[PDB]
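Asker: If you scroll down you'll find the structure; I have some questions about it.
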Amino acid sequence: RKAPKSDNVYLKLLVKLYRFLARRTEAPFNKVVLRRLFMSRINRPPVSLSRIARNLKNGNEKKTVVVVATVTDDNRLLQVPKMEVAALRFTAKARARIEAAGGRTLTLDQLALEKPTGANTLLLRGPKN
Amino acid sequence: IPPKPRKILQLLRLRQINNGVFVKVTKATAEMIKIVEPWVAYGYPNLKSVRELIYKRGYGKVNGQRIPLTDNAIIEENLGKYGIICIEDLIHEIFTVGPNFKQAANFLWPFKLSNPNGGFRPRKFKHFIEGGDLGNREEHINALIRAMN
Amino acid sequence: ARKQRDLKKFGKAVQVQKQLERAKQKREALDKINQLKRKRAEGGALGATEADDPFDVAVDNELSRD
RNA sequence: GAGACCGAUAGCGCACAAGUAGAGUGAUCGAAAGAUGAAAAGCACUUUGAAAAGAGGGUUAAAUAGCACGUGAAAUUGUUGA
RNA sequence: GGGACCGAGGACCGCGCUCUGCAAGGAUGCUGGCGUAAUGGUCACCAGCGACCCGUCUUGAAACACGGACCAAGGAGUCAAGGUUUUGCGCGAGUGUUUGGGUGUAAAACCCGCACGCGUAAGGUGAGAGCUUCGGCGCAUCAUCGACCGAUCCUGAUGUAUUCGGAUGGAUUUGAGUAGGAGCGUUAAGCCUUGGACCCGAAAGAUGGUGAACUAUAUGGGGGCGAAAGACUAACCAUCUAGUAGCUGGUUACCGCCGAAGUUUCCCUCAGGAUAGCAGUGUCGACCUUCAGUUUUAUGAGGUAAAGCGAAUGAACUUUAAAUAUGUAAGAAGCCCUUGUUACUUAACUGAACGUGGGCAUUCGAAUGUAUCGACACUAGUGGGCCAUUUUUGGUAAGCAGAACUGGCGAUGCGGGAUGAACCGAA
RNA sequence: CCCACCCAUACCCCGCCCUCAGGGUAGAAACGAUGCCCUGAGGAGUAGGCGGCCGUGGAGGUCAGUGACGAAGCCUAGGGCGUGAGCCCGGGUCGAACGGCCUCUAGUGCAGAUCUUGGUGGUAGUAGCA
């Protein structure tokens with residue numbers, strides 16, 4: 001795809017930023033991120049706090065979980081652990097729970113600033129089925 | 001055209017009238033050319049034919065693009081890992097059929113020839129051995145290449 | 001309905017096969033007459049009239065008698 | 001009182017002496033048709049013609065606006081030119 | 001040596017060479033006439049060549065038939081409800097203010113209570129995108145083995161009201177299952193159904209009215225049953241009605257890109273559906289990974305022709321073996337060999353399956369091509385044939401009829417054959 | 001049988017248009033990035049699919065837009081742009097409103113329908129006017 005389908009101006013800014021990053025870097029992470037911003041909403045299913053928690057249960061602590069999707073709160077997870085979460089947008093409850101647990105919210109432009117090549121990043125997508 | 005000769009033309013890259021391709025002689029391809037006997041004219045080229053075909057109508061397939069062979073440099077990037085680093089090396093590898101003839105011929109885009117200067121023959125659609133133009137003209141394809149260049 | 005659909009789909013092949021079968025039957029009819037005349041020319045042993053049974057069982061009987 | 005409506009072949013059949021003119025024994029059927037000009041100032045008078053009208057003259061910013069009247073296409077027609 | 005057509009680009013870079021420079025990654029230098037209808041363009045006519053009148057309909061195609069006196073204006077896929085797909089947007093385990101209430105600069109806009117609609121209340125093996133401190137971690141999803149639940153068939157525990165229950169172990173079972181939620185609202189486009197349903201047009205039936213027409217004499221009106229007496233069952237006007245068709249006719253700018261089918265199978269006898277195929281969209285996994293109407297090698301089905309019988313024997317004979325098409329296979333998506341388990345099996349650790357180790361990562365096990373291939377989901381138009389070559393079955397006096405392959409036509413313009421669906425060249 | 005010659009949209013070289021594919025373009029002396037530069041290939045087309053554009057009536061915003069020193073409309077053996085649908089200008093007429101740009105909206109585009117309405121032709125100064 002040469003043109004994004006969405007009319008979000010800030011998403012256009014993001015796709016331009018990650019176009020530059022994918023062109024001028026060797027990063028398959030940047031290329032995958034650009035492709036995921038290009039793909040449509042149904043193809044970007046939500047990722048929940050429960051999914052990211054069970055994926056960071058292993059030795060993947062102290063890292064940046066990155067999802068090109070919307071992070072949704074899960075009522076079934078009683079305790080939210082500390083975690084470096086980057087996503088397109090958060091729900092109010094997920095944002096509050098992460099900030100109360102002690103994590104930080106990052107947008108994709110911030111994620112580019114701190115880690116342009118995606119070091120110490122665990123990349124997730126939601127349940128497609 | 002029947003499907004078998006159609007496939008043979010597709011596999012020999014001859015896809016337009018007057019598109020010529022270098023091949024090494026081997027029983028499999030000899031049978032293929034015998035199947036496309038009623039559509040082609042084939043023979044044994046000499047050093048002059050190979051040299052002028054490479055120098056005048058020589059285009060290489062660089063990343064799927066038809067790039068004229070204007071530089072020993074580009075010859076070197078495309079065929080350097082085979083030891084072919086110049087137009088003279090390419091001509092040697094084609095004429096004297098070497099170990100990497102397959103790669104050299106595949107790199108060479110099919111030579112797009114023109115209509116012969118002087119005509120084909122009064123009846124060009126019968127075999128060369130009955131006074132036509134089709135078939136295996138052994139050393140006369142050099143004259144045909146002269147006419148077609 | 002099933003049977004009539006089958007007949008509608010296979011109608012013409014039936015006609016062609018029938019025509020070939022009738023030509024074939026004509027062929028063995030003429031052939032049987034041929035061995036009949038060959039046997040009678042070679043030899044034979046008849047009565048005054050000829051067998052009143054049908055001309056089929058008659059020819060099988062005579063070419064079995066030899 | 002209004003309208004992201006229609007604008008004289010549209011919008012109610014009727015923007016007009018329209019349920020009128022007209023047709024049918026009758027029940028009923030049922031049209032066409034708006035626009036000079038700011039103001040009639042709607043062309044005095046002369047001449048030709050029986051008249052209708054024409055040519056001069058006149059009103060007007062305009063008569064290339066004359067109550068066959070805003071603007072005035074196409075089909076079709078006359079004259080002249082090639 | 002002579003001729004023709006062309007001059008694309010616009011500082012330098014590069015390959016070079018014969019290196020004060022140059023024919024080396026695309027034309028510069030010199031000169032003339034004119035500087036206006038001179039070049040150029042538009043109308044009318046002449047000349048050379050070319051050139052069937054458009055649309056509809058049928059058919060494999062023509063031919064036929066239908067519509068066309070001319071011009072102007074009008075003129076035909078729309079709206080609503082309910083479904084469904086995709087795209088954008090908001091919020092997100094929630095979502096939707098607009099029934100209504102409260103303000104208001106008053107049909108606007110802003111705010112909101114209670115309900116209500118829809119939805120929500122655990123692994124291993126091999127992979128795998130991506131990170132890596134290069135030790136390994138490993139999303140989604142997949143193949144298999146798993147774990148559990150709703151349901152079915154059992155197996156049958158303490159016990160219990162003496163007649164109440166399902167726990168353990170199971171099953172070639174089933175879910176539109178759990179296996180760490182995706183929905184709600186709305187915008188745009190598309191499809192389906194119903195309404196007049198893209199527009200025009202069939203005979204009919206019904207309700208309510210207006211009128212007349214009969215050598216039949218104010219009146220009588222049809223039929224059958226019966227002995228009678230008698231019981232039973234046309235015309236015009238408006239409206240329902242914009243009634244009902246599958247049938248006819250018509251259905252409104254341009255350009256660009258991609259582009260077919262005319263077919264298999266199944267169900268059902270219809271104004272046909274479903275599956276597959278051709279075309280396209282989205283998603284997922286790879287990298288010529290891999291594939292292929294093709295040759296080669298090996299092996300089948302044709303021993304078909306031929307040579308000999310100074311080899312034997314006698315198309316049915318053979319050492320050998322034609323021409324001609326044709327099926328299968330050609331590697332890590334591998335073969336074996338070796339021993340651990342198994343509920344299979346065997347006289348047996350014996351075989352088979354499930355695994356371990358090894359072996360080749362470089363020519364990894366022919367050629368040649370490769371303008372990528374595979375899987376899932378969704379969507380539109382298609383279901384006709386005609387001619388011919390070759391092979392083949394049958395028949396006639398000759399015709400001709402039927403199968404299989406391939407090729408031309410459809411949707412294809414151009415050169416030639418004077419002309420022309422089926423010819424030759426070539427798209 | 002031998003030689004030369006004629007030409008198709010076919011084949012070869014070059015120019016230009018479009019499409020597709022592959023590359024480049026930020027500590028900005030920097031860009032209708034929906035842009036620009038480089039390279040290669042391709043170009044028939046019914047049903048059908050996709051995309052971009054042209055035009056009409058009305059609505060919101062804007063051009064501190066045009067206009068009786070002449071809007072719109074119409075006519076033109078007068079010009080310019082675009083492949084094209086179309087767009088712009090000059091001359092004549094005319095008299096009172098109209099247009100470009102971004103969105104919205106729809107009773108939005110005609111050669112057919114023995115189409116509807118209206119106007120007008122040839123037949124034709126003909127048949128004919130007992």
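Identifiers in the structure tokens: chain A, B, ... in order shown; residue index from 1 per chain; ligand index from 1 in order shown.
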Sort by chain and increasing residue number a table of all residues of chain E within 7 Å of chain A, each with its closest pair of atoms and their distance in Å to one decimal, counting only C-alpha atoms (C1' of nucleotides), and write it as JSON lines.
Answerer:
{"residue": "E:88", "atom": "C1'", "partner": "A:6", "partner_atom": "CA", "distance": 6.2}
{"residue": "E:92", "atom": "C1'", "partner": "A:91", "partner_atom": "CA", "distance": 6.9}
{"residue": "E:130", "atom": "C1'", "partner": "A:29", "partner_atom": "CA", "distance": 6.3}
{"residue": "E:131", "atom": "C1'", "partner": "A:121", "partner_atom": "CA", "distance": 5.8}
{"residue": "E:139", "atom": "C1'", "partner": "A:124", "partner_atom": "CA", "distance": 4.3}
{"residue": "E:140", "atom": "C1'", "partner": "A:125", "partner_atom": "CA", "distance": 6.2}
{"residue": "E:180", "atom": "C1'", "partner": "A:50", "partner_atom": "CA", "distance": 5.8}
Asker: Give me, as a list in words, the residues of chain A that a backbone DSSP run labels strand (DSSP E).
Answerer: residues 47, 48, 64, 65, 66, 67, 68, 69, 70, 71, 72, 84, 85, 86, 87, 88, 89, 90, 104, 105, 106, 121, 122, 123 and 124 of chain A
Asker: If you count only C-alpha atoms (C1' of nucleotides), which residues fall within 10 Å of residue 14 (chain A), apart from same-chain ones fewer than 5 positions away, as a list in words?
Answerer: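 Contacts, with the query itself left out: residues 8, 9, 19, 20, 34, 37, 88, 107, 108, 109 and 112 of chain A.
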Asker: Taking 3 positions as the minimum chain separation for residues in the same chain, which residues sit within 8 Å of region 35-37 of chain F when counting only C-alpha atoms (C1' of nucleotides)? Answer as a ChimeraX atom specification.
Answerer: /F:24,31-32
Asker: Please write the residues from the selection above to a file, keeping N, CA, C and O atoms (P, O5', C5', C4', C3', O3' and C1' of nucleotides), as a PDB file, in the first residue's frame.
Answerer:
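Written file, result04.pdb:
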ATOM      1  P     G F  24      15.989   2.703  -1.623  1.00  0.00           P
ATOM      2  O5'   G F  24      16.518   4.193  -1.790  1.00  0.00           O
ATOM      3  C5'   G F  24      17.817   4.444  -2.301  1.00  0.00           C
ATOM      4  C4'   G F  24      17.936   5.841  -2.852  1.00  0.00           C
ATOM      5  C3'   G F  24      17.457   6.960  -1.945  1.00  0.00           C
ATOM      6  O3'   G F  24      18.409   7.310  -0.960  1.00  0.00           O
ATOM      7  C1'   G F  24      16.632   7.301  -4.132  1.00  0.00           C
ATOM      8  P     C F  31      12.712  20.940  -1.323  1.00  0.00           P
ATOM      9  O5'   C F  31      11.166  20.824  -1.679  1.00  0.00           O
ATOM     10  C5'   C F  31      10.649  19.672  -2.334  1.00  0.00           C
ATOM     11  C4'   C F  31       9.162  19.537  -2.122  1.00  0.00           C
ATOM     12  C3'   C F  31       8.410  20.850  -1.902  1.00  0.00           C
ATOM     13  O3'   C F  31       7.106  20.743  -2.464  1.00  0.00           O
ATOM     14  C1'   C F  31       8.063  19.429  -0.060  1.00  0.00           C
ATOM     15  P     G F  32       6.849  20.992  -4.031  1.00  0.00           P
ATOM     16  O5'   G F  32       5.529  20.148  -4.315  1.00  0.00           O
ATOM     17  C5'   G F  32       4.460  20.690  -5.073  1.00  0.00           C
ATOM     18  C4'   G F  32       3.277  21.028  -4.200  1.00  0.00           C
ATOM     19  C3'   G F  32       2.509  19.851  -3.615  1.00  0.00           C
ATOM     20  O3'   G F  32       3.114  19.323  -2.444  1.00  0.00           O
ATOM     21  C1'   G F  32       0.990  21.414  -4.543  1.00  0.00           C
TER      22        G F  32
END
Asker: Quick one: pick out all helix (DSSP H, G or I) residues within region 5-149 of chain B from a backbone DSSP run and write them as an MDAnalysis selection string.
Answerer: chainID B and resid 5:11 27:35 47:57 72:82 87:95 101:107 128:130 141:148
Asker: Report as CSV the residues of chain C within 12 Å of chain E, each with its shortest atom pair and distance in Å (one decimal), using only C-alpha atoms (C1' of nucleotides), ordered by chain and increasing residue number.
Answerer:
residue,atom,partner,partner_atom,distance
C:1,CA,E:269,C1',6.5
C:2,CA,E:269,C1',8.5
C:3,CA,E:269,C1',10.8
C:4,CA,E:269,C1',8.9
C:5,CA,E:269,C1',7.5
C:6,CA,E:269,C1',11.2
C:8,CA,E:269,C1',10.8
C:12,CA,E:402,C1',9.8
C:13,CA,E:402,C1',8.4
C:14,CA,E:402,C1',11.0
C:15,CA,E:402,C1',9.9
C:16,CA,E:402,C1',6.5
C:17,CA,E:402,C1',8.8
C:18,CA,E:394,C1',11.2
C:19,CA,E:394,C1',8.4
C:20,CA,E:394,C1',6.0
C:21,CA,E:394,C1',9.4
C:22,CA,E:394,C1',10.1
C:23,CA,E:394,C1',7.3
C:24,CA,E:394,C1',8.5
C:25,CA,E:394,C1',12.0
C:26,CA,E:395,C1',11.4
C:27,CA,E:394,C1',10.9
Asker: Could you write out the selected residues, including C-alpha atoms, as a compact mmCIF listing (two decimals), in the first residue's frame?
Answerer:
# COMPACT_ATOMS: atom_id res chain seq x y z
CA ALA C 1 -38.35 -37.96 -13.07
CA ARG C 2 -34.89 -39.41 -12.45
CA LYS C 3 -35.33 -41.95 -15.25
CA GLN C 4 -36.66 -39.38 -17.72
CA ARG C 5 -33.80 -37.01 -16.90
CA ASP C 6 -31.33 -39.80 -17.66
CA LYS C 8 -33.11 -36.83 -21.91
CA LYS C 12 -28.75 -39.24 -28.91
CA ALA C 13 -26.07 -41.78 -27.93
CA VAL C 14 -28.87 -44.36 -27.75
CA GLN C 15 -29.85 -43.59 -31.35
CA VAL C 16 -26.25 -43.84 -32.57
CA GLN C 17 -25.66 -47.11 -30.70
CA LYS C 18 -28.91 -48.55 -32.07
CA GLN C 19 -27.91 -47.68 -35.64
CA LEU C 20 -24.49 -49.29 -35.22
CA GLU C 21 -26.03 -52.38 -33.60
CA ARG C 22 -28.50 -52.81 -36.47
CA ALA C 23 -25.72 -52.45 -39.04
CA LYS C 24 -23.72 -55.01 -37.05
CA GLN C 25 -26.66 -57.44 -37.03
CA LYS C 26 -26.95 -57.01 -40.79
CA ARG C 27 -23.25 -57.86 -40.97
Asker: Which residues of chain F sit at most 9 Å from chain A, using only C-alpha atoms (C1' of nucleotides)? Give each one's shortest atom pair and distance in Å (one decimal place), in chain and ascending residue order, as a tab-separated table.
Answerer:
residue	atom	partner	partner_atom	distance
F:26	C1'	A:20	CA	9.0
F:33	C1'	A:16	CA	8.8
F:34	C1'	A:3	CA	8.4
Asker: I need the residues from that last selection saved to file as a PDB file, in the first residue's frame (with N, CA and C atoms (P, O5', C5', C4', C3', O3' and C1' of nucleotides)), if you can.
Answerer:
ATOM      1  P     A F  26      16.855  12.269   3.071  1.00  0.00           P
ATOM      2  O5'   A F  26      16.418  13.538   3.924  1.00  0.00           O
ATOM      3  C5'   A F  26      17.201  14.726   3.924  1.00  0.00           C
ATOM      4  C4'   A F  26      17.191  15.406   5.271  1.00  0.00           C
ATOM      5  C3'   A F  26      17.719  14.567   6.436  1.00  0.00           C
ATOM      6  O3'   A F  26      18.363  15.422   7.378  1.00  0.00           O
ATOM      7  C1'   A F  26      15.500  15.216   6.879  1.00  0.00           C
ATOM      8  P     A F  33       2.625  17.915  -1.840  1.00  0.00           P
ATOM      9  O5'   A F  33       3.974  17.171  -1.432  1.00  0.00           O
ATOM     10  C5'   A F  33       4.070  16.467  -0.197  1.00  0.00           C
ATOM     11  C4'   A F  33       4.401  15.010  -0.400  1.00  0.00           C
ATOM     12  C3'   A F  33       4.150  14.111   0.811  1.00  0.00           C
ATOM     13  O3'   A F  33       3.723  12.826   0.364  1.00  0.00           O
ATOM     14  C1'   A F  33       6.421  13.980   0.198  1.00  0.00           C
ATOM     15  P     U F  34       2.392  12.168   0.971  1.00  0.00           P
ATOM     16  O5'   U F  34       1.375  12.157  -0.255  1.00  0.00           O
ATOM     17  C5'   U F  34       1.639  11.379  -1.417  1.00  0.00           C
ATOM     18  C4'   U F  34       0.739  11.766  -2.564  1.00  0.00           C
ATOM     19  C3'   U F  34       1.084  13.088  -3.246  1.00  0.00           C
ATOM     20  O3'   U F  34       0.741  13.008  -4.629  1.00  0.00           O
ATOM     21  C1'   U F  34      -1.095  13.212  -2.355  1.00  0.00           C
TER      22        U F  34
END
Asker: Tell me, in Å to one decimal, how far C1' of residue 14 (chain D) is from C1' of residue 34 (chain D).
Answerer: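 Between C1' of residue 14 (chain D) and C1' of residue 34 (chain D) the gap works out to 13.1 Å.
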